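Source file: query_22.cif. Holds: mmCIF, C-alpha atoms and all ligand atoms.
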data_input
#
loop_
_atom_site.label_atom_id
_atom_site.label_comp_id
_atom_site.auth_asym_id
_atom_site.auth_seq_id
_atom_site.Cartn_x
_atom_site.Cartn_y
_atom_site.Cartn_z
CA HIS A 3 -132.72 -33.01 -14.54
CA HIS A 4 -130.73 -35.78 -16.33
CA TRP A 5 -131.46 -36.71 -19.94
CA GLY A 6 -133.96 -39.46 -20.72
CA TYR A 7 -136.89 -40.23 -23.00
CA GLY A 8 -139.73 -38.39 -21.26
CA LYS A 9 -141.64 -35.27 -22.35
CA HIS A 10 -139.41 -33.00 -20.29
CA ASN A 11 -136.01 -34.67 -20.78
CA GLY A 12 -136.27 -36.57 -24.07
CA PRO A 13 -134.59 -36.24 -27.47
CA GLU A 14 -135.93 -32.75 -28.23
CA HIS A 15 -134.22 -31.45 -25.06
CA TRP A 16 -130.81 -33.09 -25.44
CA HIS A 17 -129.24 -30.30 -27.50
CA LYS A 18 -129.28 -27.99 -24.44
CA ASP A 19 -126.68 -30.05 -22.62
CA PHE A 20 -125.18 -31.73 -25.72
CA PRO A 21 -125.15 -29.15 -28.56
CA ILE A 22 -123.76 -31.68 -31.08
CA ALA A 23 -127.31 -33.07 -31.05
CA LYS A 24 -127.86 -30.59 -33.93
CA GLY A 25 -124.60 -31.64 -35.65
CA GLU A 26 -123.77 -32.71 -39.16
CA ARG A 27 -123.35 -36.40 -38.43
CA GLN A 28 -126.10 -37.42 -36.03
CA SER A 29 -127.73 -40.85 -35.69
CA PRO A 30 -130.03 -42.59 -36.18
CA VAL A 31 -131.26 -41.81 -39.73
CA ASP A 32 -133.90 -43.04 -42.07
CA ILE A 33 -132.36 -45.41 -44.61
CA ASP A 34 -133.84 -44.56 -48.00
CA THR A 35 -133.22 -47.83 -49.75
CA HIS A 36 -133.66 -46.30 -53.23
CA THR A 37 -131.07 -43.53 -52.54
CA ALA A 38 -128.50 -45.79 -50.85
CA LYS A 39 -125.77 -46.65 -53.32
CA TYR A 40 -124.42 -50.15 -53.80
CA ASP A 41 -120.67 -49.96 -53.25
CA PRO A 42 -118.78 -52.84 -54.94
CA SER A 43 -115.61 -51.74 -53.14
CA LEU A 44 -117.07 -52.68 -49.74
CA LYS A 45 -115.86 -55.90 -48.16
CA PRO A 46 -117.93 -58.67 -46.56
CA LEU A 47 -118.22 -57.86 -42.99
CA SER A 48 -116.20 -60.12 -40.68
CA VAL A 49 -118.00 -60.78 -37.39
CA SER A 50 -115.69 -62.96 -35.23
CA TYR A 51 -117.51 -63.64 -31.94
CA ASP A 52 -116.49 -67.24 -31.12
CA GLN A 53 -114.18 -66.22 -28.21
CA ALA A 54 -116.54 -63.59 -26.74
CA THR A 55 -116.54 -63.38 -22.94
CA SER A 56 -119.70 -61.79 -21.56
CA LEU A 57 -119.40 -60.51 -17.98
CA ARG A 58 -122.45 -58.77 -16.54
CA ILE A 59 -125.86 -57.38 -17.43
CA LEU A 60 -126.98 -53.99 -16.09
CA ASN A 61 -130.07 -51.76 -16.05
CA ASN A 62 -128.59 -48.26 -16.31
CA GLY A 63 -131.94 -46.44 -16.37
CA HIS A 64 -131.87 -46.04 -20.18
CA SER A 65 -131.58 -49.61 -21.48
CA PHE A 66 -130.09 -52.85 -20.34
CA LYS A 67 -126.54 -53.62 -21.34
CA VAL A 68 -124.35 -56.71 -21.47
CA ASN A 69 -120.64 -55.95 -21.01
CA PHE A 70 -117.81 -58.03 -22.46
CA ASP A 71 -114.17 -58.59 -21.59
CA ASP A 72 -112.49 -56.34 -24.18
CA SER A 73 -108.99 -56.52 -22.64
CA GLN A 74 -107.78 -58.57 -25.62
CA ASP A 75 -109.13 -59.33 -29.14
CA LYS A 76 -111.80 -61.88 -28.09
CA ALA A 77 -114.81 -60.76 -30.17
CA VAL A 78 -114.06 -58.46 -33.10
CA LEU A 79 -115.56 -56.76 -36.10
CA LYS A 80 -113.45 -56.24 -39.22
CA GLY A 81 -113.89 -55.71 -42.97
CA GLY A 82 -116.88 -54.06 -44.56
CA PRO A 83 -116.33 -50.29 -44.40
CA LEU A 84 -113.84 -50.63 -41.54
CA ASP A 85 -110.09 -50.24 -41.58
CA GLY A 86 -108.52 -52.15 -38.72
CA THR A 87 -109.94 -54.16 -35.89
CA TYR A 88 -112.87 -53.22 -33.71
CA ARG A 89 -113.37 -54.96 -30.30
CA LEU A 90 -116.85 -55.75 -28.95
CA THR A 91 -117.38 -54.05 -25.58
CA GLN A 92 -121.14 -54.15 -24.99
CA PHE A 93 -124.56 -54.68 -26.47
CA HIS A 94 -127.91 -53.13 -25.60
CA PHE A 95 -131.33 -52.59 -27.13
CA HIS A 96 -133.87 -49.86 -27.87
CA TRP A 97 -137.56 -50.77 -28.00
CA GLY A 98 -141.09 -49.47 -28.06
CA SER A 99 -144.33 -49.43 -26.06
CA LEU A 100 -146.03 -51.22 -28.99
CA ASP A 101 -144.71 -53.55 -31.68
CA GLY A 102 -145.08 -50.81 -34.34
CA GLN A 103 -142.27 -48.64 -32.90
CA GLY A 104 -139.00 -49.02 -31.06
CA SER A 105 -136.18 -48.98 -33.61
CA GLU A 106 -133.87 -46.00 -33.95
CA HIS A 107 -132.96 -46.47 -37.59
CA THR A 108 -135.86 -46.75 -40.01
CA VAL A 109 -136.00 -48.30 -43.49
CA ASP A 110 -138.06 -46.30 -45.98
CA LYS A 111 -139.71 -44.82 -42.85
CA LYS A 112 -140.55 -48.27 -41.46
CA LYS A 113 -140.07 -48.61 -37.72
CA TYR A 114 -139.24 -52.01 -36.25
CA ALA A 115 -140.24 -53.23 -32.76
CA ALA A 116 -136.71 -52.88 -31.43
CA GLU A 117 -133.07 -52.45 -32.41
CA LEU A 118 -129.98 -54.24 -31.06
CA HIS A 119 -126.68 -52.34 -30.95
CA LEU A 120 -123.40 -54.25 -30.71
CA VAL A 121 -120.82 -51.61 -29.79
CA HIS A 122 -117.17 -51.94 -30.85
CA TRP A 123 -114.06 -49.75 -30.52
CA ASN A 124 -111.10 -49.35 -32.82
CA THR A 125 -108.11 -51.04 -31.22
CA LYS A 126 -105.69 -48.47 -32.66
CA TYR A 127 -106.90 -46.14 -29.89
CA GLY A 128 -106.13 -48.57 -27.08
CA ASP A 129 -109.30 -48.20 -24.96
CA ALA A 130 -112.98 -47.51 -25.53
CA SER A 131 -112.88 -44.08 -23.75
CA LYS A 132 -110.18 -42.74 -26.09
CA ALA A 133 -111.74 -44.43 -29.11
CA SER A 134 -115.14 -42.82 -28.38
CA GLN A 135 -113.59 -39.39 -29.08
CA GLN A 136 -112.10 -40.23 -32.48
CA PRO A 137 -113.91 -39.85 -35.82
CA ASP A 138 -113.24 -43.49 -36.72
CA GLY A 139 -113.21 -44.70 -33.12
CA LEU A 140 -116.38 -46.75 -32.83
CA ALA A 141 -118.39 -49.18 -34.97
CA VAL A 142 -121.95 -50.07 -34.02
CA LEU A 143 -123.59 -53.08 -35.63
CA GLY A 144 -127.34 -52.44 -35.63
CA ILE A 145 -129.85 -55.25 -35.99
CA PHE A 146 -133.61 -54.79 -36.27
CA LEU A 147 -136.09 -56.87 -34.29
CA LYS A 148 -139.56 -57.74 -35.61
CA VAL A 149 -142.18 -59.66 -33.69
CA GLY A 150 -143.00 -63.14 -34.88
CA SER A 151 -141.16 -66.38 -34.11
CA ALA A 152 -139.06 -66.50 -30.92
CA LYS A 153 -135.32 -65.96 -31.10
CA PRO A 154 -133.86 -68.88 -29.06
CA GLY A 155 -130.53 -67.12 -28.54
CA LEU A 156 -132.29 -64.18 -26.90
CA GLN A 157 -134.09 -66.22 -24.21
CA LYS A 158 -131.19 -66.22 -21.72
CA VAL A 159 -131.31 -62.42 -21.83
CA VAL A 160 -135.01 -62.06 -21.27
CA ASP A 161 -134.99 -64.64 -18.46
CA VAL A 162 -132.47 -62.57 -16.41
CA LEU A 163 -134.39 -59.27 -16.81
CA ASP A 164 -136.57 -59.87 -13.73
CA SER A 165 -133.31 -59.65 -11.69
CA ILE A 166 -132.38 -56.20 -13.03
CA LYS A 167 -135.80 -54.58 -13.05
CA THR A 168 -134.74 -51.14 -11.80
CA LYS A 169 -132.03 -48.60 -12.52
CA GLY A 170 -128.66 -49.53 -11.05
CA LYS A 171 -129.24 -53.27 -10.71
CA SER A 172 -126.72 -55.65 -12.28
CA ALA A 173 -126.29 -59.45 -12.42
CA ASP A 174 -123.63 -61.93 -13.48
CA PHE A 175 -124.03 -62.79 -17.14
CA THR A 176 -121.20 -65.05 -18.21
CA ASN A 177 -121.11 -67.48 -21.12
CA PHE A 178 -123.63 -65.61 -23.26
CA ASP A 179 -122.91 -66.04 -26.96
CA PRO A 180 -123.90 -62.97 -29.04
CA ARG A 181 -123.75 -65.04 -32.21
CA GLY A 182 -127.23 -66.21 -31.22
CA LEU A 183 -128.56 -62.68 -31.86
CA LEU A 184 -127.45 -62.42 -35.55
CA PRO A 185 -129.66 -62.93 -38.63
CA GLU A 186 -128.58 -65.27 -41.42
CA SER A 187 -127.44 -62.57 -43.86
CA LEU A 188 -124.71 -60.00 -43.18
CA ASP A 189 -125.96 -57.71 -45.98
CA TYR A 190 -125.79 -54.16 -44.61
CA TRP A 191 -126.04 -50.42 -45.05
CA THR A 192 -123.28 -48.18 -43.71
CA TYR A 193 -122.86 -44.46 -43.05
CA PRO A 194 -120.87 -42.15 -40.73
CA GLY A 195 -122.82 -41.13 -37.66
CA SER A 196 -122.96 -40.72 -33.93
CA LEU A 197 -123.87 -42.22 -30.60
CA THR A 198 -127.69 -42.17 -30.37
CA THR A 199 -127.69 -41.17 -26.71
CA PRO A 200 -125.83 -38.40 -24.90
CA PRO A 201 -123.01 -37.54 -25.28
CA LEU A 202 -123.95 -37.96 -28.97
CA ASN A 203 -120.32 -38.06 -30.09
CA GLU A 204 -119.84 -38.08 -33.87
CA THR A 205 -117.46 -41.00 -33.73
CA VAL A 206 -119.44 -44.01 -35.03
CA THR A 207 -119.27 -45.98 -38.29
CA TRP A 208 -122.76 -47.43 -38.44
CA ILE A 209 -123.33 -50.87 -39.95
CA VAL A 210 -127.03 -51.67 -40.09
CA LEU A 211 -128.01 -55.17 -41.14
CA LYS A 212 -130.76 -55.46 -43.75
CA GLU A 213 -132.26 -58.68 -42.38
CA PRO A 214 -134.16 -58.27 -39.07
CA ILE A 215 -134.23 -60.98 -36.45
CA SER A 216 -137.62 -62.30 -35.31
CA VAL A 217 -138.41 -62.33 -31.63
CA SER A 218 -141.62 -63.43 -29.98
CA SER A 219 -144.29 -61.21 -28.50
CA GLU A 220 -143.47 -62.80 -25.12
CA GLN A 221 -139.79 -61.86 -25.46
CA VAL A 222 -140.37 -58.16 -26.27
CA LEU A 223 -143.11 -57.96 -23.57
CA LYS A 224 -140.42 -58.82 -21.04
CA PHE A 225 -138.27 -55.91 -22.21
CA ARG A 226 -141.28 -53.67 -21.50
CA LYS A 227 -141.45 -54.84 -17.86
CA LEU A 228 -138.14 -53.13 -17.07
CA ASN A 229 -138.21 -49.83 -15.17
CA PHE A 230 -136.54 -46.49 -15.89
CA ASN A 231 -136.75 -45.68 -12.18
CA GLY A 232 -134.66 -46.96 -9.30
CA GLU A 233 -135.93 -49.34 -6.60
CA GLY A 234 -138.29 -47.57 -4.21
CA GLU A 235 -139.14 -44.79 -6.70
CA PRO A 236 -142.51 -44.54 -8.54
CA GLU A 237 -142.64 -47.13 -11.32
CA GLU A 238 -142.18 -45.91 -14.89
CA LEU A 239 -141.93 -48.62 -17.48
CA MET A 240 -138.78 -48.64 -19.65
CA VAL A 241 -140.42 -48.29 -23.07
CA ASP A 242 -139.83 -45.99 -26.05
CA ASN A 243 -136.12 -45.58 -25.28
CA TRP A 244 -135.33 -44.70 -28.90
CA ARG A 245 -134.11 -41.53 -30.57
CA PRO A 246 -135.99 -40.56 -33.74
CA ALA A 247 -134.33 -40.28 -37.14
CA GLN A 248 -132.11 -37.22 -37.53
CA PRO A 249 -131.28 -35.22 -40.65
CA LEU A 250 -128.99 -37.00 -43.09
CA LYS A 251 -127.32 -33.72 -44.11
CA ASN A 252 -124.27 -34.19 -46.33
CA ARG A 253 -124.03 -37.97 -45.99
CA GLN A 254 -124.33 -40.92 -48.32
CA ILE A 255 -125.59 -44.29 -47.13
CA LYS A 256 -123.82 -47.16 -48.91
CA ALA A 257 -125.23 -50.66 -49.44
CA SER A 258 -123.10 -53.81 -49.39
CA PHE A 259 -125.57 -55.56 -51.70
CA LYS A 260 -127.33 -55.07 -55.01
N1 LIG A 301 -124.68 -41.93 -21.82
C1 LIG A 301 -123.80 -42.91 -21.79
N2 LIG A 301 -123.54 -43.62 -20.72
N3 LIG A 301 -123.38 -43.45 -22.96
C2 LIG A 301 -122.08 -43.69 -23.26
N4 LIG A 301 -120.99 -42.99 -23.00
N5 LIG A 301 -122.02 -44.82 -23.82
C3 LIG A 301 -121.54 -44.68 -25.12
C4 LIG A 301 -122.61 -45.14 -26.04
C5 LIG A 301 -122.39 -46.27 -26.77
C6 LIG A 301 -123.24 -46.63 -27.76
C7 LIG A 301 -124.39 -45.88 -27.97
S1 LIG A 301 -125.47 -46.32 -29.30
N6 LIG A 301 -126.95 -46.28 -28.74
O1 LIG A 301 -125.27 -45.31 -30.33
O2 LIG A 301 -125.13 -47.69 -29.67
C8 LIG A 301 -124.63 -44.75 -27.21
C9 LIG A 301 -123.74 -44.38 -26.25
ZN ZN A 302 -127.97 -47.94 -28.88
#

Taking this structure as input, can you express it in the form of structure tokens?
Ligand SMILES: N=C(N)NC(=N)NCc1ccc(S(N)(=O)=O)cc1
Ligand SMILES: [Zn+2]
Amino acid sequence: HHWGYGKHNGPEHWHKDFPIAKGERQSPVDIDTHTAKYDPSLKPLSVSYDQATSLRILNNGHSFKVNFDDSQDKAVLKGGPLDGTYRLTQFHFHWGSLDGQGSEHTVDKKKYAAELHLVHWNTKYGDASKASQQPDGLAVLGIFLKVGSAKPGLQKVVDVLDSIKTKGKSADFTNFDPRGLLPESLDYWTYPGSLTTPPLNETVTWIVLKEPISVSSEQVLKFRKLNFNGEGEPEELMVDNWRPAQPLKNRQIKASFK
């Protein structure tokens, strides 16, 4: 009875096996744009992805994920609210059954069709496992997806999805450039939070970009053809793999922009 997104194993059940689900620093959250405070002390974010080395793409039964070579400082996130250097290790997405839902974060209660998470770890802790347990160990760059014009830099991803339809399947996925997934503006909101799946560790500095990327209907429809189930199990489409907004509690969301 492993965690998932169904009626019997979804977000409202997670606290039983991961009690921090009811913690003080859980993610995602609703971003109230009129309560978020502009912080003139914040730096421009530095997203340095030119030397990224993608390795493989996997369906893990909860999303699909592209792993990167993080054995040296190839693709890093710096600046903004961060102190030190954060190495890109993986990206994945959350998405909906319909275009009107799918994001984890919301903006003035608005849901987007999907949300991209670029996951980074603080190099001062040496490896991602150790970093994941530290209060300033991880930084997730979150990017909203809306449906409209196609995103050309996403097409290589959606064309490989037919090869990883079911849980446990992986494929080679070298030479993918994550710069092709970024919007024009790096304006962002930031707040201290958590992983949005089990184990829900409260170890993430969230950086959520204000500007969504557009993807086509055809692109997001291909996400929805993935399966939660393994090969030779009854088919259950991988859709609505998002955690709802959690209580903000004693946190302030800061804006990088006026
Ligand atoms: N359940 C796991 N395999 N997850 C794990 N340890 N990966 C850690 C992990 C990384 C990022 C995110 S997210 N959605 O906040 O960006 C969730 C979980
Ligand atoms: Zn995520």

Please report the interatomic distance between atom ZN of ligand ZN 302 (chain A) and CA of residue 92 (chain A) in Å with one decimal. 10.0 Å

Neighbouring residues of ligand ZN 302 (chain A) are defined here as those with any atom at most 12 Å from a ligand atom, counting only C-alpha atoms and all ligand atoms; list them as a ChimeraX atom specification. /A:29-30,64-67,92-97,104-107,116-122,141-146,196-200,202,206,208,210,243-246

Close residues, residue 174 (chain A) itself excluded, 8 Å, only C-alpha atoms, min 2 positions apart in chain, as number ranges by chain: A: 57-59, 172, 176

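Residues with any atom within 9 Å of residue 177 (chain A), counting only C-alpha atoms and excluding same-chain neighbours fewer than 6 positions away, are residues 54, 55, 56 and 57 of chain A.
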
For CA of residue 252 (chain A) and CA of residue 135 (chain A), determine how far apart the two atoms are, in Å to one decimal place. 20.9 Å

Might I get the box with edges along x, y and z of the file that holds all atoms of ligand LIG 301 (chain A) listed there, padded by 6 Å on every side, given as centre and edge lengths in Å to one decimal, as JSON?
{"center_x": -124.0, "center_y": -44.8, "center_z": -25.5, "size_x": 18.0, "size_y": 17.8, "size_z": 21.6}

For a quick check of your reading of the model, name the residues lying within 6 Å of the coordinate (-106.2, -53.0, -35.3), counting only C-alpha atoms, and write them as an NGL selection string. :A and (86-87 or 125-126)

Give as a count of residues only each residue that has an atom at most 12 Å from (-134.4, -34.8, -16.2) in the file, counting only C-alpha atoms. 18

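In this comparison, which uses only C-alpha atoms, the residue of A:26, A:161, A:75, A:129 approaching residue 195 (chain A) most closely is A:26.
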
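Considering only C-alpha atoms, the residue among A:35, A:192, A:74, A:151 positioned nearest to residue 216 (chain A) is A:151.
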
Extract, using all atoms listed in the file, all DNA, RNA and protein residues at most 7 Å from residue 123 (chain A), discarding same-chain residues fewer than 5 positions from it, and format them as a PyMOL selection string. chain A and resi 88-90+130+133+139-141

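Nearest to residue 222 (chain A) of all the residues A:42, A:98, A:25, A:82 is A:98, counting only C-alpha atoms.
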
Can you take the partial region 51-79 of chain A, add N, CA and C atoms, and return it as a tab-separated table (two decimals), in the frame of the given file?
chain	number	residue	atom	x	y	z
A	51	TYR	N	-117.04	-63.66	-33.32
A	51	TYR	CA	-117.51	-63.64	-31.94
A	51	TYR	C	-117.29	-64.94	-31.19
A	52	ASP	N	-116.62	-65.94	-31.80
A	52	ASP	CA	-116.49	-67.24	-31.12
A	52	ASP	C	-115.82	-67.18	-29.73
A	53	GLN	N	-114.86	-66.27	-29.50
A	53	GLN	CA	-114.18	-66.22	-28.21
A	53	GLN	C	-114.73	-65.12	-27.31
A	54	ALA	N	-115.93	-64.60	-27.59
A	54	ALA	CA	-116.54	-63.59	-26.74
A	54	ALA	C	-116.65	-64.06	-25.30
A	55	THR	N	-116.38	-63.14	-24.36
A	55	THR	CA	-116.54	-63.38	-22.94
A	55	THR	C	-117.50	-62.34	-22.39
A	56	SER	N	-118.76	-62.68	-22.23
A	56	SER	CA	-119.70	-61.79	-21.56
A	56	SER	C	-119.41	-61.80	-20.06
A	57	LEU	N	-119.70	-60.68	-19.39
A	57	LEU	CA	-119.40	-60.51	-17.98
A	57	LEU	C	-120.64	-60.29	-17.14
A	58	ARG	N	-121.37	-59.21	-17.41
A	58	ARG	CA	-122.45	-58.77	-16.54
A	58	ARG	C	-123.54	-58.15	-17.40
A	59	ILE	N	-124.76	-58.07	-16.84
A	59	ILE	CA	-125.86	-57.38	-17.43
A	59	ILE	C	-126.31	-56.33	-16.42
A	60	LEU	N	-126.66	-55.13	-16.93
A	60	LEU	CA	-126.98	-53.99	-16.09
A	60	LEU	C	-128.21	-53.27	-16.63
A	61	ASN	N	-129.05	-52.77	-15.73
A	61	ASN	CA	-130.07	-51.76	-16.05
A	61	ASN	C	-129.47	-50.41	-15.67
A	62	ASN	N	-129.20	-49.55	-16.64
A	62	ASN	CA	-128.59	-48.26	-16.31
A	62	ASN	C	-129.61	-47.12	-16.28
A	63	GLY	N	-130.90	-47.45	-16.36
A	63	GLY	CA	-131.94	-46.44	-16.37
A	63	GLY	C	-132.33	-45.96	-17.77
A	64	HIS	N	-131.62	-46.43	-18.80
A	64	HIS	CA	-131.87	-46.04	-20.18
A	64	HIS	C	-132.07	-47.23	-21.12
A	65	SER	N	-131.48	-48.36	-20.74
A	65	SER	CA	-131.58	-49.61	-21.48
A	65	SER	C	-131.15	-50.68	-20.48
A	66	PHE	N	-130.94	-51.87	-21.01
A	66	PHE	CA	-130.09	-52.85	-20.34
A	66	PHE	C	-128.93	-53.18	-21.26
A	67	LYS	N	-127.79	-53.45	-20.63
A	67	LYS	CA	-126.54	-53.62	-21.34
A	67	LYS	C	-125.78	-54.82	-20.84
A	68	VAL	N	-125.26	-55.61	-21.79
A	68	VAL	CA	-124.35	-56.71	-21.47
A	68	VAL	C	-122.95	-56.24	-21.82
A	69	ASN	N	-122.05	-56.26	-20.82
A	69	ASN	CA	-120.64	-55.95	-21.01
A	69	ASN	C	-119.84	-57.21	-21.34
A	70	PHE	N	-118.75	-57.00	-22.09
A	70	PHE	CA	-117.81	-58.03	-22.46
A	70	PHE	C	-116.41	-57.71	-21.99
A	71	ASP	N	-115.59	-58.75	-21.81
A	71	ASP	CA	-114.17	-58.59	-21.59
A	71	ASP	C	-113.57	-58.15	-22.92
A	72	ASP	N	-113.13	-56.90	-22.99
A	72	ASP	CA	-112.49	-56.34	-24.18
A	72	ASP	C	-111.02	-56.02	-23.91
A	73	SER	N	-110.39	-56.76	-22.99
A	73	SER	CA	-108.99	-56.52	-22.64
A	73	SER	C	-108.03	-57.27	-23.57
A	74	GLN	N	-108.57	-58.04	-24.52
A	74	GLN	CA	-107.78	-58.57	-25.62
A	74	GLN	C	-108.71	-58.87	-26.78
A	75	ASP	N	-108.25	-59.32	-27.96
A	75	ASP	CA	-109.13	-59.33	-29.14
A	75	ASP	C	-110.02	-60.58	-29.22
A	76	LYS	N	-110.96	-60.70	-28.28
A	76	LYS	CA	-111.80	-61.88	-28.09
A	76	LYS	C	-112.98	-61.99	-29.07
A	77	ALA	N	-113.65	-60.89	-29.31
A	77	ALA	CA	-114.81	-60.76	-30.17
A	77	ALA	C	-114.61	-59.49	-30.98
A	78	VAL	N	-114.42	-59.61	-32.29
A	78	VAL	CA	-114.06	-58.46	-33.10
A	78	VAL	C	-114.85	-58.41	-34.40
A	79	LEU	N	-114.96	-57.16	-34.86
A	79	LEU	CA	-115.56	-56.76	-36.10
A	79	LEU	C	-114.48	-56.17	-36.97
